[PDB]
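Here is the structure we will look at, set down as structure tokens.
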Amino acid sequence: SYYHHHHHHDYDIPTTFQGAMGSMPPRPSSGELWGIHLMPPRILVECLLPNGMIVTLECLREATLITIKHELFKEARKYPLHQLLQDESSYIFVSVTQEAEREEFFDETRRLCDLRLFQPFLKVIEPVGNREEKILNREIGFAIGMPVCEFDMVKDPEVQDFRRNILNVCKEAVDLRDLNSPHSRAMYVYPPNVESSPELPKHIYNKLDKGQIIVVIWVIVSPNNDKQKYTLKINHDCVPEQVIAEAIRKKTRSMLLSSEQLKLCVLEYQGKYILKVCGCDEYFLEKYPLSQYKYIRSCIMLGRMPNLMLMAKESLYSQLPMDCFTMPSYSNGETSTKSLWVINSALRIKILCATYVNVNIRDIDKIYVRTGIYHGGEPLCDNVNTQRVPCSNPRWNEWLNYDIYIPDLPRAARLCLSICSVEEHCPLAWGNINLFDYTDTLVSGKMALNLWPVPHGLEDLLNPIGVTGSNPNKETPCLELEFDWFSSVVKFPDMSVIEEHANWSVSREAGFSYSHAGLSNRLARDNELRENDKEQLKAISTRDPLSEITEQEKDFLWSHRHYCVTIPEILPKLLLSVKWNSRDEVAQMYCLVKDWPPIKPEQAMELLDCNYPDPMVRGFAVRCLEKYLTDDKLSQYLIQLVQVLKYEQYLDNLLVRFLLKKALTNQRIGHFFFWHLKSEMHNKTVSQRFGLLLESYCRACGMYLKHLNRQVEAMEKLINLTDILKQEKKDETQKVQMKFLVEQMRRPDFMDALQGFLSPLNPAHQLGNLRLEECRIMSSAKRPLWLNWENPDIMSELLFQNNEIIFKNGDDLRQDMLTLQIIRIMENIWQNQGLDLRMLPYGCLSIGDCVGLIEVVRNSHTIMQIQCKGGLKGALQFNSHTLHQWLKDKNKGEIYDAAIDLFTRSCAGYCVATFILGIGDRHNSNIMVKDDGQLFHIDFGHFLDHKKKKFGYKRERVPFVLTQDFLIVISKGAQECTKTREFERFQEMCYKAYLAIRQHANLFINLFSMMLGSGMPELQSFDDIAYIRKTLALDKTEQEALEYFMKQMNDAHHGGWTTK
Amino acid sequence: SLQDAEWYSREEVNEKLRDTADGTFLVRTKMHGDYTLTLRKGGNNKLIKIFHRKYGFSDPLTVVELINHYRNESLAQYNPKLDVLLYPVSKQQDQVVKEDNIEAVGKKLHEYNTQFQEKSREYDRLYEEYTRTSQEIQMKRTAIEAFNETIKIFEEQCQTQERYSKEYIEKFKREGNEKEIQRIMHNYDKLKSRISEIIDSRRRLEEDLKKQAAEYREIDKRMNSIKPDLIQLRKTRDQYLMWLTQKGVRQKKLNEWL
Ligand SMILES: CC(C)(C)OC(=O)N1CCC(N)CC1
Ligand SMILES: CC(C)(C)OC(=O)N1CCC(N)CC1
Ligand SMILES: CC1C(=O)CCCC1=O
Ligand SMILES: CC1C(=O)CCCC1=O
Ligand SMILES: [Cl-]
């Protein structure tokens, strides 16, 4: 009587799922030889000789091409026509690779497994393409992962025009480098790792003797071995030069040197050295206050005494090799064509036939093409075609009639369409086209458009945030169509022509007369506006991007568009208040933007999202970044910029040219600029775009291409390895798997590829030898590898003797990537505005399709481990105090007081960020505490309450609920923690924290706006972002927000939160 | 009636206006203005302020009075580019089996939400197979190119020896002819049957490609028949939850059903 004896007949258990052993889905991608992850340890390879003879060598997987060539010509003696062969030296190996291109293997030190051979065979030939140096485009196409020759045979002129034009940028960067060489070359390679502000927060400053630090300068003599401390006590804001002098002073004071003789010895010795950070490739190369470099300010906060090293400039300038940039092997219109403004007709578009429509005829009645014109928002009434020839061979030969005159199309206009099913309305596929091409030319003719599948979150019919262009996947709904042909290529009008039409349109407003019905959209006030109006405009200015503007407010804004120049930051709102369907209006907005005041980058980044697709706009936006955005602030927001490239109409554009230049000016920016582009290469919305761009970077970046190629190879090894652990070696004991992992890693190709390279998490840190005994597979079902390298620095000891990072094939890292980045920003916001809350945004990097690197924080345990270890023999109930007891066990004396302050600071910050970002429910196995008492969250899962997709609504969840465990520790050790001054303070941190992040809500909204570009199901459209609008309470006043927050925090805890 | 007008925050307005037709509408800081007509046009939401001191949009000032007139009329005459209040859609006791039980409407809310959440898994499940299949397909196509490209090298290799080999039959001949040409022919016979294998390999991939491309269509086919159910199930579930939130507040009681 449990189930009312009701059977489920369909239910079948015998191998019925993704649920059973429910983890790890990222497949598939292939490795060493076609159809197999890891080639056999001994393998037979056919060697095709120039005499036509197939001799077949059994040789080792790990065998070098020098080894294999040598054995081939020893074995080719035993086969006929031996006299027809040259010396082995007059030959090179060639074979067909897995990218389906015939690579000539020039670097014969490479091993048979590392070549990606498709089938195991090699062909012998004399070296064609006499510029061998040039056919190290393989370097580039390994770094990129698709061969350079795959671009060379692309028809599309835009792509080919991109490739040739973008070289402007590459030359200019390379020129900027070799300018004050060797200094500026070192400046490229080793840019100063520096906070944006020289100013110091009051809480940092008080951890000194009214502005003094103790440093420790290190120096060496012979052979290296012994080094000598020289423990200075300098000012916090003195430059590296000064610190270098004082070290030398102390070094070279003597009883045999006078006072003057010392000073004269100082000057000669001084500028022959520069400061290195002990333990990693970081250097202090320009006049910044010592506090400003990030290693110092970390050392101040952590209670550490910096360890710098005196480094000979010439021992450094030794290790910089020359970049030597080479121009590649790949090195208009008929006049009077048109003003688009001559064309005297409406828009109409012919919808011809969809081919590959995959639908149940039994389920669906009828199908039709929906369409519309867009600019982010839509220039006219959206229209469809009739529900003709439903399902089978869907064929309409209609002209759709769009009520917009062709002159009124804006430069950035786009047709967005979608095939639908029938109130049973329901999209099947979708696809968008730019109504102009890259050469400004109106689209006229026939276009075949292969469509994209309807994603998870989108219920709407049409999807105009989606990417412009046809789907690279052929076998998909191809809906072909026809645009109107006007007996001439129609081009978009020149800025010289628009600049005049605007200057006229303004003069025509000056003669329009008195009372005007719908005055709404023009002044009437003239030079003297109302005092009440001029304050209503600054009110609109202050509101966030997601507080949508009303038609009154838009008209209002537009009517005082010339006063809006006094309040530059209004621009985002003004632009959205333009009727883009009116060239009279638009032309004027082009003149406003032309010399509108520069604005701060955090506000000019709003202008590069999908709601601002215009060129003139996004120009101004880049113009802002060129002025203000520092090399620091760029590398914080780099992700949000690379993502935002997706929203540009054409390959060649000012943002792409800005970032590329910066990436080649700064090898740190470059390093992440590479990996973020390389990350998304699997995604066919950007494969082409990002490939092309990555080609440019890789051609221009100098030696770092060789460094990246190594990093790249390390990752591939690890992907291939875990891929086997996750497929063949599933259903084997840890013991069996671990033995497979070590077996593999001991092979020489793995020992080569995984040992001597740079951490992609921070290419400062080198990775030396692998310590395999500390290498192991974690307990997770994804089979993350715990990897451990010997830091090969001179001063490993002084920083960390062992580096270790987790490689995790399986999980889409890029949500964590973001939330951690968001936390990193929230920290800097709080702290630089004086209030110490210590977040630990641990490093995370996605380097592919659910493949990535997470930084291990050493000495930190899950609350669960703290309670597993601290838990009494008789399995009954864990004690709430065991956290607190464990923490005392680490921190004892005056130390204890400080560790609680940290735990109380870190906990307050991690409460507020969590509530605001709506991240996954916190619980004992995803919260961590460090020995020194810093608390921090890991494994965030989803972010903006993405499980509100299932039900949701006004859940406004508290994800970090402070159980007793936490409260006890906050209030030393008392009964009824809820009622102490220790906990009063806590609350006031949380209130001051929440309001800090609430007054920057623009930034955070914007950061999420810009991330819509990536295919995170968490960020599908602006309403996804809108949760943060509610959580911060931006509709209300700050006092109402404070009480809302208190309320929200009170209810989850059930008592604790209401005074002030 | 001004309170209980059928149609009478920003975010949950949009989730009610989400997936409705051209012409659909409803009404919504105190300092800013009073009420806010949120009219939908072609997928985007036009907000229009109602100022009160009379109620109105701007000049012609002479809440329920203002909205009824326009229901007959277009908003183009007040403000130029609004050539569009036809659908006052804000009822949800039209269907919901009219259930005045309240508790049984709550049970039904779970029922549909389970059926929905069940359906959203199968939809997510198929989207992955689709995208894995797209990947496995193009990986197959790129292999085929390499298979052909390989064979070209082997075809060229069986041709390459025909040049040198049959120059090294005619010259000499007598000098170990049977002992020589045998082991040149053996090589040549190993070479061509190897081609015969590689072609037989590639063929076998292409038959698999069509079976893949077949399955691929079936994933899309079944995706598109799960989508419309998934919309209407979701849309019925919003309305069953609206019906509840009308009568009794109980915002926290919802969580067990959902
Ligand atoms: C030192 C500091 C963490 C501020 O440096 C960065 O700005 N980043 C940006 C994100 C990268 N993944 C790590 C380095
Ligand atoms: C040729 C290629 C770039 C694939 O090779 C490497 O990845 N490496 C690592 C070992 C070599 N000795 C130096 C460069
Ligand atoms: C047009 C506007 C927007 O920028 C996002 C889509 C819905 C809106 O109201
Ligand atoms: C214990 C073993 C394993 O490693 C995964 C679950 C099933 C097994 O046989
Ligand atoms: Cl961690």
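In the structure tokens, each chain is lettered A, B, ... as it comes, each chain's residues begin at 1, and ligands are numbered from 1 in order of appearance.
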Quiz item: Mind listing the residues within 12 Å of ligand 2, only C-alpha atoms and all ligand atoms counted, as a PyMOL selection string?
Solution: chain A and resi 64-65+104-116+136-145+703-717+748-758
Quiz item: Quick one: residues within 12 Å of ligand 5, with only C-alpha atoms and all ligand atoms, as a count of residues only?
Solution: 34
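Within 6 Å of chain A, counting only C-alpha atoms, chain B contributes residues 19, 42, 47, 48, 145, 146, 157, 160, 161, 221 and 228 of chain B.
Summary of the local environment: counting only C-alpha atoms, residues at most 12 Å from residue 493 (chain A), other than itself and those fewer than 6 positions away along its chain, are residues 336, 337, 338, 339, 340, 341, 342, 343, 407, 408, 409, 410, 411, 436, 439, 440, 441, 442, 499, 500, 501, 583 and 587 of chain A.
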The selected residues should be written to file as a PDB file, in the first residue's frame (atoms: N, CA, C and O atoms).
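What follows is the written file result_30.pdb:
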ATOM      1  N   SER A 336      31.030  56.916 -57.064  1.00  0.00           N
ATOM      2  CA  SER A 336      29.666  57.499 -57.119  1.00  0.00           C
ATOM      3  C   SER A 336      28.514  56.492 -56.927  1.00  0.00           C
ATOM      4  O   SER A 336      27.403  56.720 -57.415  1.00  0.00           O
ATOM      5  N   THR A 337      28.776  55.410 -56.191  1.00  0.00           N
ATOM      6  CA  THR A 337      27.862  54.255 -56.122  1.00  0.00           C
ATOM      7  C   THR A 337      26.482  54.595 -55.590  1.00  0.00           C
ATOM      8  O   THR A 337      25.475  54.323 -56.247  1.00  0.00           O
ATOM      9  N   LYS A 338      26.453  55.172 -54.392  1.00  0.00           N
ATOM     10  CA  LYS A 338      25.209  55.606 -53.762  1.00  0.00           C
ATOM     11  C   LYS A 338      25.431  56.318 -52.428  1.00  0.00           C
ATOM     12  O   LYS A 338      26.404  56.056 -51.714  1.00  0.00           O
ATOM     13  N   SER A 339      24.529  57.235 -52.112  1.00  0.00           N
ATOM     14  CA  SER A 339      24.196  57.521 -50.731  1.00  0.00           C
ATOM     15  C   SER A 339      23.078  56.510 -50.483  1.00  0.00           C
ATOM     16  O   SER A 339      22.182  56.360 -51.293  1.00  0.00           O
ATOM     17  N   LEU A 340      23.124  55.797 -49.375  1.00  0.00           N
ATOM     18  CA  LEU A 340      21.962  55.017 -48.960  1.00  0.00           C
ATOM     19  C   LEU A 340      20.711  55.910 -48.955  1.00  0.00           C
ATOM     20  O   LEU A 340      19.594  55.425 -49.150  1.00  0.00           O
ATOM     21  N   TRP A 341      20.920  57.210 -48.735  1.00  0.00           N
ATOM     22  CA  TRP A 341      19.848  58.197 -48.650  1.00  0.00           C
ATOM     23  C   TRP A 341      19.172  58.597 -49.992  1.00  0.00           C
ATOM     24  O   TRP A 341      18.143  59.280 -49.993  1.00  0.00           O
ATOM     25  N   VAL A 342      19.736  58.171 -51.117  1.00  0.00           N
ATOM     26  CA  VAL A 342      19.077  58.308 -52.417  1.00  0.00           C
ATOM     27  C   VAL A 342      17.935  57.287 -52.596  1.00  0.00           C
ATOM     28  O   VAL A 342      16.962  57.575 -53.298  1.00  0.00           O
ATOM     29  N   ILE A 343      18.039  56.121 -51.954  1.00  0.00           N
ATOM     30  CA  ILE A 343      17.097  55.000 -52.187  1.00  0.00           C
ATOM     31  C   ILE A 343      15.699  55.340 -51.673  1.00  0.00           C
ATOM     32  O   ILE A 343      15.482  55.481 -50.467  1.00  0.00           O
ATOM     33  N   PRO A 407      16.603  54.767 -46.279  1.00  0.00           N
ATOM     34  CA  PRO A 407      17.562  55.748 -45.739  1.00  0.00           C
ATOM     35  C   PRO A 407      17.672  55.771 -44.198  1.00  0.00           C
ATOM     36  O   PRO A 407      18.749  56.051 -43.656  1.00  0.00           O
ATOM     37  N   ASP A 408      16.566  55.466 -43.520  1.00  0.00           N
ATOM     38  CA  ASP A 408      16.500  55.475 -42.053  1.00  0.00           C
ATOM     39  C   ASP A 408      17.113  54.247 -41.347  1.00  0.00           C
ATOM     40  O   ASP A 408      17.180  54.216 -40.114  1.00  0.00           O
ATOM     41  N   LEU A 409      17.551  53.249 -42.110  1.00  0.00           N
ATOM     42  CA  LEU A 409      18.358  52.173 -41.552  1.00  0.00           C
ATOM     43  C   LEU A 409      19.651  52.768 -40.984  1.00  0.00           C
ATOM     44  O   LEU A 409      20.354  53.501 -41.697  1.00  0.00           O
ATOM     45  N   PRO A 410      19.948  52.493 -39.693  1.00  0.00           N
ATOM     46  CA  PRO A 410      21.229  52.922 -39.124  1.00  0.00           C
ATOM     47  C   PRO A 410      22.367  51.978 -39.515  1.00  0.00           C
ATOM     48  O   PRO A 410      22.116  50.802 -39.759  1.00  0.00           O
ATOM     49  N   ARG A 411      23.597  52.501 -39.547  1.00  0.00           N
ATOM     50  CA  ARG A 411      24.819  51.746 -39.927  1.00  0.00           C
ATOM     51  C   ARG A 411      24.915  50.349 -39.333  1.00  0.00           C
ATOM     52  O   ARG A 411      25.388  49.416 -39.990  1.00  0.00           O
ATOM     53  N   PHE A 436      24.320  45.683 -43.384  1.00  0.00           N
ATOM     54  CA  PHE A 436      25.470  46.130 -44.160  1.00  0.00           C
ATOM     55  C   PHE A 436      26.639  45.174 -43.963  1.00  0.00           C
ATOM     56  O   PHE A 436      26.709  44.461 -42.955  1.00  0.00           O
ATOM     57  N   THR A 439      32.548  46.565 -45.581  1.00  0.00           N
ATOM     58  CA  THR A 439      32.901  47.717 -46.449  1.00  0.00           C
ATOM     59  C   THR A 439      31.792  48.797 -46.578  1.00  0.00           C
ATOM     60  O   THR A 439      31.772  49.547 -47.557  1.00  0.00           O
ATOM     61  N   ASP A 440      30.896  48.872 -45.585  1.00  0.00           N
ATOM     62  CA  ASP A 440      29.751  49.816 -45.533  1.00  0.00           C
ATOM     63  C   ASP A 440      28.616  49.545 -46.546  1.00  0.00           C
ATOM     64  O   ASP A 440      27.658  50.308 -46.608  1.00  0.00           O
ATOM     65  N   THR A 441      28.691  48.442 -47.284  1.00  0.00           N
ATOM     66  CA  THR A 441      27.797  48.181 -48.422  1.00  0.00           C
ATOM     67  C   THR A 441      26.492  47.487 -48.015  1.00  0.00           C
ATOM     68  O   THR A 441      26.516  46.369 -47.504  1.00  0.00           O
ATOM     69  N   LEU A 442      25.360  48.138 -48.283  1.00  0.00           N
ATOM     70  CA  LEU A 442      24.022  47.572 -48.034  1.00  0.00           C
ATOM     71  C   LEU A 442      23.906  46.173 -48.656  1.00  0.00           C
ATOM     72  O   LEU A 442      24.403  45.935 -49.749  1.00  0.00           O
ATOM     73  N   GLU A 499      27.605  64.607 -41.009  1.00  0.00           N
ATOM     74  CA  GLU A 499      27.963  65.834 -40.277  1.00  0.00           C
ATOM     75  C   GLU A 499      27.290  67.092 -40.810  1.00  0.00           C
ATOM     76  O   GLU A 499      27.080  68.030 -40.047  1.00  0.00           O
ATOM     77  N   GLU A 500      26.983  67.121 -42.108  1.00  0.00           N
ATOM     78  CA  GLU A 500      26.244  68.241 -42.718  1.00  0.00           C
ATOM     79  C   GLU A 500      24.734  68.143 -42.507  1.00  0.00           C
ATOM     80  O   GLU A 500      24.097  69.135 -42.148  1.00  0.00           O
ATOM     81  N   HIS A 501      24.173  66.958 -42.740  1.00  0.00           N
ATOM     82  CA  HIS A 501      22.748  66.713 -42.526  1.00  0.00           C
ATOM     83  C   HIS A 501      22.330  67.027 -41.096  1.00  0.00           C
ATOM     84  O   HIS A 501      21.234  67.536 -40.862  1.00  0.00           O
ATOM     85  N   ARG A 583      17.203  58.883 -39.138  1.00  0.00           N
ATOM     86  CA  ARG A 583      18.537  59.388 -39.504  1.00  0.00           C
ATOM     87  C   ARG A 583      18.735  60.876 -39.170  1.00  0.00           C
ATOM     88  O   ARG A 583      19.864  61.313 -38.971  1.00  0.00           O
ATOM     89  N   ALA A 587      21.982  61.197 -36.987  1.00  0.00           N
ATOM     90  CA  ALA A 587      23.037  62.072 -37.488  1.00  0.00           C
ATOM     91  C   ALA A 587      23.464  63.111 -36.462  1.00  0.00           C
ATOM     92  O   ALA A 587      24.636  63.468 -36.396  1.00  0.00           O
TER      93      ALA A 587
END
Quiz item: Within 6 Å of ligand 3, counting only C-alpha atoms and all ligand atoms: which residues, as a VMD selection string?
Solution: (chain A and resid 377 611) or (chain B and resid 44 to 45)
Let me see the file: selected residues, C-alpha atoms, as a PDB file, in the first residue's frame.
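Contents of selection_3.pdb, freshly written:
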ATOM      1  CA  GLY A 377      16.093  47.122 -29.707  1.00  0.00           C
ATOM      2  CA  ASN A 611      22.635  47.452 -26.334  1.00  0.00           C
TER       3      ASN A 611
ATOM      4  CA  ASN B  44      10.569  44.920 -26.174  1.00  0.00           C
ATOM      5  CA  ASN B  45       8.841  46.755 -23.312  1.00  0.00           C
TER       6      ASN B  45
END
Quiz prompt | For residue 783 (chain A), the nearest of the candidates A:1002, A:759, A:23, A:880, counting only C-alpha atoms | solution = A:23
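Nearest residue to residue 1003 (chain A), choosing from A:606, A:648, A:901, A:632 and counting only C-alpha atoms: A:606.
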Self-check item: DSSP-assigned alpha helix (DSSP H) among region 242-471 of chain A, expressed as a PyMOL selection string
Solution: chain A and resi 242-251+259-270+294-302+313-319
Exercise. Write out as JSON, numbers by chain each polymer residue (protein, DNA or RNA) that has an atom no more than 8 Å from ligand 1, with only C-alpha atoms and all ligand atoms counted.
Key: {"A": [193, 195, 294, 632, 633, 635, 636, 637, 638, 672, 761, 762, 817, 821, 824, 841, 843, 844, 845]}
Take the residues from that selection and put them in a file with N, CA and C atoms, as a PDB file, in the first residue's frame.
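Output below, filename result.pdb:
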ATOM      1  N   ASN A 193      54.324  44.726 -11.445  1.00  0.00           N
ATOM      2  CA  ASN A 193      53.089  44.165 -10.903  1.00  0.00           C
ATOM      3  C   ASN A 193      52.573  45.097  -9.810  1.00  0.00           C
ATOM      4  N   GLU A 195      49.658  48.003  -8.027  1.00  0.00           N
ATOM      5  CA  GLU A 195      48.293  48.437  -7.702  1.00  0.00           C
ATOM      6  C   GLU A 195      48.019  49.706  -8.475  1.00  0.00           C
ATOM      7  N   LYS A 294      52.548  45.056  -6.008  1.00  0.00           N
ATOM      8  CA  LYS A 294      51.557  44.228  -5.322  1.00  0.00           C
ATOM      9  C   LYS A 294      52.169  43.268  -4.312  1.00  0.00           C
ATOM     10  N   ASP A 632      46.876  47.994 -15.468  1.00  0.00           N
ATOM     11  CA  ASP A 632      46.314  47.302 -14.308  1.00  0.00           C
ATOM     12  C   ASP A 632      44.822  47.042 -14.476  1.00  0.00           C
ATOM     13  N   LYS A 633      44.076  48.111 -14.725  1.00  0.00           N
ATOM     14  CA  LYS A 633      42.620  48.039 -14.802  1.00  0.00           C
ATOM     15  C   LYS A 633      42.148  47.209 -16.002  1.00  0.00           C
ATOM     16  N   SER A 635      43.799  44.453 -17.236  1.00  0.00           N
ATOM     17  CA  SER A 635      43.964  43.039 -16.883  1.00  0.00           C
ATOM     18  C   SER A 635      42.986  42.557 -15.795  1.00  0.00           C
ATOM     19  N   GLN A 636      42.334  43.469 -15.076  1.00  0.00           N
ATOM     20  CA  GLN A 636      41.235  43.088 -14.177  1.00  0.00           C
ATOM     21  C   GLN A 636      39.996  42.729 -14.989  1.00  0.00           C
ATOM     22  N   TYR A 637      39.657  43.645 -15.897  1.00  0.00           N
ATOM     23  CA  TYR A 637      38.476  43.562 -16.756  1.00  0.00           C
ATOM     24  C   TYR A 637      38.724  42.882 -18.111  1.00  0.00           C
ATOM     25  N   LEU A 638      39.826  42.148 -18.260  1.00  0.00           N
ATOM     26  CA  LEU A 638      40.203  41.639 -19.567  1.00  0.00           C
ATOM     27  C   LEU A 638      39.146  40.698 -20.099  1.00  0.00           C
ATOM     28  N   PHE A 672      47.217  36.227 -20.695  1.00  0.00           N
ATOM     29  CA  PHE A 672      45.801  35.939 -20.446  1.00  0.00           C
ATOM     30  C   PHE A 672      44.932  36.237 -21.661  1.00  0.00           C
ATOM     31  N   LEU A 761      48.312  29.759 -14.654  1.00  0.00           N
ATOM     32  CA  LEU A 761      47.663  30.541 -13.608  1.00  0.00           C
ATOM     33  C   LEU A 761      48.416  31.832 -13.304  1.00  0.00           C
ATOM     34  N   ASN A 762      49.746  31.770 -13.324  1.00  0.00           N
ATOM     35  CA  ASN A 762      50.563  32.973 -13.176  1.00  0.00           C
ATOM     36  C   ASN A 762      51.973  32.765 -13.715  1.00  0.00           C
ATOM     37  N   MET A 817      35.453  31.099 -12.412  1.00  0.00           N
ATOM     38  CA  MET A 817      36.252  32.176 -13.041  1.00  0.00           C
ATOM     39  C   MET A 817      35.645  33.564 -12.837  1.00  0.00           C
ATOM     40  N   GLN A 821      36.408  36.338  -9.873  1.00  0.00           N
ATOM     41  CA  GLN A 821      36.737  37.673 -10.393  1.00  0.00           C
ATOM     42  C   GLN A 821      35.859  38.765  -9.787  1.00  0.00           C
ATOM     43  N   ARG A 824      37.133  39.330  -6.242  1.00  0.00           N
ATOM     44  CA  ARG A 824      38.401  40.071  -6.400  1.00  0.00           C
ATOM     45  C   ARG A 824      38.184  41.585  -6.579  1.00  0.00           C
ATOM     46  N   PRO A 841      40.072  35.315  -3.274  1.00  0.00           N
ATOM     47  CA  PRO A 841      39.733  34.892  -4.617  1.00  0.00           C
ATOM     48  C   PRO A 841      40.873  34.064  -5.186  1.00  0.00           C
ATOM     49  N   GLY A 843      42.956  31.554  -7.483  1.00  0.00           N
ATOM     50  CA  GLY A 843      43.070  31.580  -8.929  1.00  0.00           C
ATOM     51  C   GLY A 843      42.355  30.414  -9.595  1.00  0.00           C
ATOM     52  N   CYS A 844      41.682  30.705 -10.709  1.00  0.00           N
ATOM     53  CA  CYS A 844      41.011  29.706 -11.539  1.00  0.00           C
ATOM     54  C   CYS A 844      41.153  30.120 -12.991  1.00  0.00           C
ATOM     55  N   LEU A 845      41.485  29.173 -13.869  1.00  0.00           N
ATOM     56  CA  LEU A 845      41.575  29.441 -15.321  1.00  0.00           C
ATOM     57  C   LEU A 845      40.969  28.327 -16.176  1.00  0.00           C
TER      58      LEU A 845
END
Practice problem: Step by step, measure atom-to-atom distances between ligand 4 and each residue using only C-alpha atoms and all ligand atoms, keep those at most 10 Å, then write them as number ranges by chain. | Solution: A: 20-21, 729-737, 781
Generate a file of the selected residues that holds N, CA, C and O atoms, formatted as a JSON list (two decimals), in the first residue's frame.
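Here's the written file out09.json:
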[["chain", "number", "residue", "atom", "x", "y", "z"],
["A", 20, "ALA", "N", 23.32, 7.87, -12.87],
["A", 20, "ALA", "CA", 24.06, 6.81, -12.16],
["A", 20, "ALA", "C", 25.58, 7.03, -12.30],
["A", 20, "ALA", "O", 26.11, 7.04, -13.41],
["A", 21, "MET", "N", 26.26, 7.16, -11.16],
["A", 21, "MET", "CA", 27.61, 7.78, -11.06],
["A", 21, "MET", "C", 27.62, 9.15, -11.75],
["A", 21, "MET", "O", 28.34, 9.40, -12.72],
["A", 729, "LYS", "N", 39.48, 3.70, -17.74],
["A", 729, "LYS", "CA", 39.84, 3.41, -16.34],
["A", 729, "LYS", "C", 38.80, 3.84, -15.30],
["A", 729, "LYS", "O", 39.11, 3.90, -14.10],
["A", 730, "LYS", "N", 37.58, 4.15, -15.75],
["A", 730, "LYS", "CA", 36.42, 4.20, -14.85],
["A", 730, "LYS", "C", 36.10, 2.75, -14.46],
["A", 730, "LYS", "O", 36.42, 1.82, -15.20],
["A", 731, "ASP", "N", 35.45, 2.58, -13.31],
["A", 731, "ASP", "CA", 35.22, 1.25, -12.70],
["A", 731, "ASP", "C", 36.54, 0.50, -12.45],
["A", 731, "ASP", "O", 36.68, -0.69, -12.76],
["A", 732, "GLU", "N", 37.51, 1.23, -11.90],
["A", 732, "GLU", "CA", 38.75, 0.67, -11.37],
["A", 732, "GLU", "C", 39.04, 1.38, -10.06],
["A", 732, "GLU", "O", 38.67, 2.55, -9.91],
["A", 733, "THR", "N", 39.70, 0.69, -9.14],
["A", 733, "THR", "CA", 39.98, 1.28, -7.82],
["A", 733, "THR", "C", 40.99, 2.41, -7.96],
["A", 733, "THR", "O", 41.82, 2.41, -8.87],
["A", 734, "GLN", "N", 40.89, 3.38, -7.05],
["A", 734, "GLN", "CA", 41.86, 4.47, -6.98],
["A", 734, "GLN", "C", 43.25, 3.90, -7.16],
["A", 734, "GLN", "O", 43.98, 4.35, -8.03],
["A", 735, "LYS", "N", 43.57, 2.89, -6.37],
["A", 735, "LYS", "CA", 44.86, 2.21, -6.45],
["A", 735, "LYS", "C", 45.26, 1.84, -7.89],
["A", 735, "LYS", "O", 46.39, 2.09, -8.30],
["A", 736, "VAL", "N", 44.33, 1.25, -8.65],
["A", 736, "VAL", "CA", 44.59, 0.85, -10.04],
["A", 736, "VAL", "C", 44.79, 2.06, -10.97],
["A", 736, "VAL", "O", 45.69, 2.06, -11.81],
["A", 737, "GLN", "N", 43.93, 3.06, -10.81],
["A", 737, "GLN", "CA", 44.01, 4.31, -11.58],
["A", 737, "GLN", "C", 45.31, 5.06, -11.31],
["A", 737, "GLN", "O", 46.03, 5.38, -12.23],
["A", 781, "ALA", "N", 34.71, 12.53, -8.60],
["A", 781, "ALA", "CA", 34.36, 11.66, -9.74],
["A", 781, "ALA", "C", 34.86, 12.18, -11.09],
["A", 781, "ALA", "O", 35.01, 11.39, -12.03]]
